[PDB]
Amino acid sequence: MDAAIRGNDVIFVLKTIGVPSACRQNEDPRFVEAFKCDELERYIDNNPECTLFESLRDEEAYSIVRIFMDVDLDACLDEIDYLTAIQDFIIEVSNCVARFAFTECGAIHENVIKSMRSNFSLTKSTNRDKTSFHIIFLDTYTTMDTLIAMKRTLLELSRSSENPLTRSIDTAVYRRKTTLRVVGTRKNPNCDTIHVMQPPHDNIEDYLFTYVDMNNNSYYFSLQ
Ligand SMILES: [Mg+2]
Ligand SMILES: [Mg+2]
């Protein structure tokens with residue numbers, strides 16, 4: 001933990017793709033709402049058609065986030081290839097982030113490796129025609145500007161890798177005002193596929209990239 005780094009338990013969600021700036025700013029409940037996690041879980045239960053997108057509420061004021069990736073393989077994998085690819089993916093992505101943190105962020109390389117590999121949540125999209133998931137490194141924190149600075153590094157990783165999952169990292173998600181679709185909710189009123197939670201993580205806070213509650217196991221770094 002660190003005095004200079006405070007947490008966040010207020011989750012800001014957009015209720016559709018492409019919300020105006022004016023509607024985010026005025027927080028029109030038709031388009032956006034801030035929730036505690038228990039409120040968010042209840043809202044999802046009570047709104048079975050919802051399409052929810054987590055976003056930083058005021059990233060000029062506060063932009064601490066968990067490292068996350070949106071993996072977009074528009075192809076099907078054999079089950080065993082997928083399991084092997086996930087494990088190799090974790091190694092490749094953690095090595096890549098740890099090197100960037102070490103050289104660009106004054107970070108402790110082994111703490112990035114350990115925090116990333118030891119605890120992460122995985123979703124699985126129900127679309128069986130592809131291999132889509134979101135990953136949250138629950139205990140590895142940074143700033144959104146650091147993720148933006150790391151965008152080309154991840155792009156180059158996705159180009160050099162032989163791993164089909166690493167190759168499918170969607171680096172366009174690292175940008176200002178970005179969104180991550182909330183697990184269990186739909187993308188749009190016309191597509192009914194969802195991401196489901198995966199063991200061993202079954203609480204919604206484990207699937208949110210703006211939920212920040214560090215403990216001494218947590219590790220934080222940012223651009224130096
Ligand atoms: Mg995706
Ligand atoms: Mg994507």
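Observations on the model:
- Estimated FRET transfer efficiency when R0 is 30 angstrom, pair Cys23-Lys151 (beta carbons, to 0.05): 0.65
- Distance between modelled label sites at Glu162 and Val196, nm, 7 Å Cα→Cβ extension: 3.3 nm
- The largest-to-smallest principal axis extents of the Cα set in the range 11-220 are 43, 41, 29 Å.
- When you work out D = kT/(6 pi eta Rh) for the range 1-105 at 4 °C and 1.567 mPa s, using the Kirkwood radius from C-alpha pairs as Rh and the Stokes-Einstein form, the result is 75 µm²/s.
- With contacts taken as Cα pairs under 8 Å and at least 6 residues apart, the chain reaches a relative contact order of 32 percent.
- GNM flexibility winner over the chain from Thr84, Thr51, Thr171 (Cα, springs under 10 Å): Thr84
- Between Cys76 and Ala34, the distance separating the two model label sites (each 7 Å from Cα on the Cα→Cβ line) works out to 4.5 nm.
- Residues whose amide H lies under 5 Å from that of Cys105, counting only those 5 or more places away or on a different chain, are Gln224; hydrogens are built 1.01 Å from N in the peptide plane.
- Mean Kyte hydropathy of 0.5 or more with a Cα span along the axis of at least 15 Å, helices from DSSP in the chain: 79-104
- For the chain, the number of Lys pairs with C-alpha atoms closer than 28 Å, counting only pairs eight or more positions apart or on separate chains, is 20.
- Rounded to the nearest 5, the antiparallel percentage of DSSP beta bridges internal to the range 11-220 is 90%.
- Legend: calculated FRET efficiency, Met214 to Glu60, from the Cβ-Cβ distance at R0 = 30 Å, rounded to 0.05, equals 0.90.
- Using the rule -39500 (n - 2.57) for each DSSP H run of four or more residues, divided by the residues of the chain, the 222 nm mean residue ellipticity is -9500 deg cm²/dmol.
- A full extension of the chain between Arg175 and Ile5 corresponds to an added length of 59.1 nm, given 0.36 nm per residue minus the alpha carbon distance.
- Stretched out straight at 0.36 nm per residue, the stretch from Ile91 to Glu104 would grow longer than its current Cα-Cα span by 2.7 nm.
Values in this text are rule-based calculations from the coordinates and carry no lab data. Backbone-built Cβ (ideal geometry, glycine too); neighbour counts: all protein chains shown.
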